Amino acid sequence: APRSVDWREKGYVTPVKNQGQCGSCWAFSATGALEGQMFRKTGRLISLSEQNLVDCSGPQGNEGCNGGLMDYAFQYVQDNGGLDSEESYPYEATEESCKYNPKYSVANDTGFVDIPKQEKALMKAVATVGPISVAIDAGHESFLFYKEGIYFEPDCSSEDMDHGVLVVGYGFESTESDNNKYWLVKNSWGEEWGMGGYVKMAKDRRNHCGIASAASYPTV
């Protein structure tokens, strides 16, 4: 695997979005991964409808604004046989009756792949596949108010992941402690959070915040 990867500059990543007052991080993590793979496939970058996931992926076991799983969204897409674009079915940070329209579908998936649950397996996936859906332990105020730098939180749990985000790459930086490899992570809380909406999460410090523990991508 290369020492550095950043899919953003290869055109694989849409603008940072803001889930707002809806517990939909899983849906943003899911669209971002599907967006990267549709782009690998068609050469076209099209924003996908989180709302469409929020409103409709209930039979796959998502709970709308009360939460869900990325795997669950990928199955939805597969079972549904398509997914509407963002602009055909725009995001409203609530849940409403399913409004899916096959006419505006712009994306599909044939399933999904779970990646082996350690960081080296994740690095290869990110290197060869593209943006990868992951959950982290985001339940600490240091993360809620993250600004800049490699994020490292001492009581983060490798087992207590609570928040789906999107690994768009990875690399390295100079640091006083020479722990300076990071994962490049796209969040769904707005441009004003982190570094334009992104956080650098420590990498190869013992699966920090459990980033390698629940990582998957859809197959298109």
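The first residue of the sequence shown is number 1, and the count goes up from there.
Per the compared records, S177 is unresolved in at least a third of the other entries whose models span it. As listed in the deposited structure, the average C-alpha B-factor of 62 to 70 and of 155 to 163 is greater for 155 to 163. Compared with the other modelled residues of the chain, the Cα B-factor recorded for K181 ranks in the highest third.
The PDB entry assigns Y146 a C-alpha temperature factor belonging to the highest third of its chain's modelled residues. In the deposited entry, the Cα temperature factor of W26 places it in the lowest third of its chain's modelled residues. In the PDB entry, a CA B factor belonging to the middle third of its chain's modelled residues is recorded for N80.
Among all modelled residues in its chain, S4 ranks in the highest third by Cα B-factor.
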